[PDB]
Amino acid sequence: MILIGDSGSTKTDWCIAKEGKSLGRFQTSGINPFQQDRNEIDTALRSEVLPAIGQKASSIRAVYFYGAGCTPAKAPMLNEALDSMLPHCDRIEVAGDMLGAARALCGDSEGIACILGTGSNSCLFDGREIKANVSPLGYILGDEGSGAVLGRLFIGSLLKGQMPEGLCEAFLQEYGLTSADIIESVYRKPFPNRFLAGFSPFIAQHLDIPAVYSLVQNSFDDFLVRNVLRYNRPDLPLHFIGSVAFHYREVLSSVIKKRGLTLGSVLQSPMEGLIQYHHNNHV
């Protein structure tokens, strides 16, 4: 059987599959070769990953890991860490999460794959490998339509009275926050992006309000403009992955349609897709 891992800027989703069928589905966190180092991740592997699989650990004949930060320079580091987890594993491949998304959504055909979660991302897929990628630039310089960006845009306007009366107080009280706490978490606390992206549920639950809807709409439009248009392939349908793409699917459809583009598909997780992929693309 095989071990498939999909790591994002929040948690890591694992699955032990056998011939296109799932036998295991764990839930760990973090794991990023560019953000973390050798042993600070060597601990998560054998304290979160191993104990989760622990049983058919010897049945793992191959492992495929997909995660943000798995640059072609720091990927061989997680490969070593994983290889020490299952030293008797035959094949261990580490690749970026963008590629994992394209393989899950596109399969083996040409197309554009996009991620809409804590952060945003996009790539032109030719069917086997990524041909072009627009660097997301992060929640401060880019990541359009991402949950971290929706979050900072939202609380910004909310705090400055651009939302209906009471919404601000309704927001602050639900999360027991104040303006000063928000500043502290955003500017003097670690992972400000995750902090900001954690208010998506409030936004999604308030799409019935104009100011909120247009805010989400403009951000998604912005994402297409600065991340998809530039590929110059409006013939290719847009495939999306991620919590935000899913939770805001309706809005995402309207935006795409409004620009004359066609939606290929939107799914929260690429897991089901990666299972069938490594079931039909052994090597």
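A residue's number is simply how far along the shown sequence it sits, counting from 1.
Per the PDB record, of the two stretches 48 to 56 and 222 to 230, 48 to 56 carries the greater mean B-factor over its C-alpha atoms. Taking the mean C-alpha B-factor of each stretch as recorded, 77 to 85 and 100 to 108 are not equal, and the higher mean is that of 77 to 85. Comparing the C-alpha B-factors of 254, 214, 243, 35 in the entry, the top value falls on 35.
Split the chain's modelled residues into thirds by C-alpha temperature factor. Residue 200 is in the middle one.
Annotation for residue 169: CA B-factor lies in the middle third of the chain's modelled residues. Residue-level temperature factors show residue 126 in the middle third of its chain, judged at the C-alpha atom. Per-chain ranking of the deposited C-alpha B factor places residue 190 in the middle third.
Sorting the modelled residues of the chain by their CA temperature factor places residue 91 in the highest third.
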